[PDB]
């Protein structure tokens, strides 16, 4: 049951983020458990450097990639600017998908992209972006609720670590 895995992964992420790991190690471990609990094969967390977004931690294909997004740039960039999420089914062939890392070639037709804002005091400080396969648009919409929760936990972690 997916909901059961979602409950458990949220609990586990809270345990990690209330621990004493470094900022970078904490983010990395969150993405690792998204893989091991929820099957998220590729993901990253990008952090604001003023008006630009830079990948701070990654899992899967984004390892050893140094990428940046400007406000309005692609899916992640729009989420950064507006502080509202984007849920994009079959992203491989979506027009707004900027595929800034050539990851598209590595996706299938079922992969969706969900990008959610990370907010502190209601202001966007980062974005979490994940790729995961879905068979129908309804299951995708449900899954977004969980990724939104994780974005919020990350917002509290950003506050915690100043």
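Residue numbers count along the first chain shown, from 1.
Visitor: Look over 89-97 and 115-123 in the entry and identify the one with the greater average Cα temperature factor.
Guide: Comparing averages over the C-alpha atoms only gives 89-97.
Visitor: Report the stretch with the higher mean CA temperature factor, choosing between 65-73 and 33-41 on the basis of the entry.
Guide: Higher mean C-alpha B-factor in the PDB entry: 65-73.
Visitor: Could you tell me which one of 20, 138, 25, 12 shows the highest CA temperature factor in the PDB record?
Guide: In this record, 138 carries the highest C-alpha B-factor of the candidates.
Visitor: Splitting the chain's C-alpha B-factors into thirds, which one does residue 1 fall into?
Guide: CA B-factor rank for residue 1: highest third.
Visitor: Based on the entry's values, in what third of the chain does the Cα temperature factor of residue 47 lie: lowest, middle or highest?
Guide: It falls in the middle third of the chain.
Visitor: Could you tell me which third, lowest, middle or highest, the C-alpha B-factor of residue 107 occupies within its chain?
Guide: Tercile = highest for this residue's CA B-factor.
Visitor: Place residue 56 in the lowest, middle or highest third of its chain's C-alpha B-factors, as listed in the PDB entry.
Guide: Within its chain, residue 56 is a middle-third residue by C-alpha B-factor, going by the deposited values.
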